[PDB]
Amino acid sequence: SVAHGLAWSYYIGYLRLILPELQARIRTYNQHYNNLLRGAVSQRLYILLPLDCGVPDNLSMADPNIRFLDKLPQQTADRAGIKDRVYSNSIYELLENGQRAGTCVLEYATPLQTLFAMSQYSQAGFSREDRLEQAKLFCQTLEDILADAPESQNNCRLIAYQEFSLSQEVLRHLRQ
């Protein structure tokens, strides 16, 4: 299946490589780069899983209550012949009634945009109406893989949703 392969690849090709190094990057930010007066950035990568497969590039566009704070210090690694392949991640403030309710590392699972694009291109042999079932299968496969990887599971949170306040969706997970 398409979504089955995409979830395994998202784990093998990305999550497996960044999640064991994420805690140290967040700790480094909180100790040396975070504004001295501010609350600590929460641990864990918060992964946005829009079931409609809509993956925008700017988060403040999806919700003005999601405001860009800072980039986490970059991770580098030699990867498949790419010397010092760079992994960059962004920190966001979550506003509730004009005030800071949370601070976290946040991004969309980019393979969901592949499902969106495939549903549009005739050559992909992927019907438009197959998108939702494939997005749910991508999320379920990712949950199943993470359940067998505790250093990856405890370093991330899966935020699956169907449309709305995206910041309230993230805050509900953060407050747990």
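Numbers follow the displayed sequence, beginning with 1. The term rigid core refers to the most C-alpha atoms you can superpose between the two forms while keeping them within 1.5 Å.
- Message: Once everything is fitted on the core, do the CA positions of 137-145 or those of 124-132 lie farther from the shown form in 7 other deposited structures of this protein?
- Response: Between 137-145 and 124-132, the one lying farther away in 7 other deposited structures of this protein is 124-132.
- Message: Across the other PDB entries of this protein that model residues on both sides of residue 34, is it left without coordinates in at least a third of them?
- Response: Yes: coordinates for residue 34 absent from at least a third of the compared entries.
- Take the C-alpha B-factors listed in the entry for 98-106 and for 77-85, compute each mean, and give the stretch with the larger one. The entry gives the higher C-alpha B-factor average to 98-106.
- Query: Per the entry, where is the mean C-alpha temperature factor higher: 14-22 or 151-159?
  - Reply: Going by the record's values, the stretch with the higher mean is 151-159.
- Message: By the CA temperature factor listed in this entry, which of these ranks top: 121, 138, 46, 33?
- Response: Comparing C-alpha B-factors across 121, 138, 46, 33, the top value belongs to 33.
- Task: Pick out which of 111, 125, 50, 39 has the highest C-alpha B-factor in the PDB entry.
- Result: When the deposited C-alpha B-factors of 111, 125, 50, 39 are compared, 39 is largest.
- Item | For residue 57, the third of its chain into which the C-alpha B factor falls | Tercile = middle for this residue's CA B-factor.
- Message: Taking only the Cα B-factors deposited for this chain, tell me whether residue 2 sits in the lowest, middle or highest third.
- Response: For residue 2, whose C-alpha B-factor we compare with every modelled residue in the chain, the answer is the middle third.
- Query: Lowest, middle or highest third: where is residue 130 by C-alpha B factor in its chain?
  - Reply: Middle third.
- Would you please rank residue 9 by its C-alpha temperature factor against the other modelled residues of its chain and give the third it falls in: lowest, middle or highest? Residue 9: CA B-factor falls in the lowest third of its chain.
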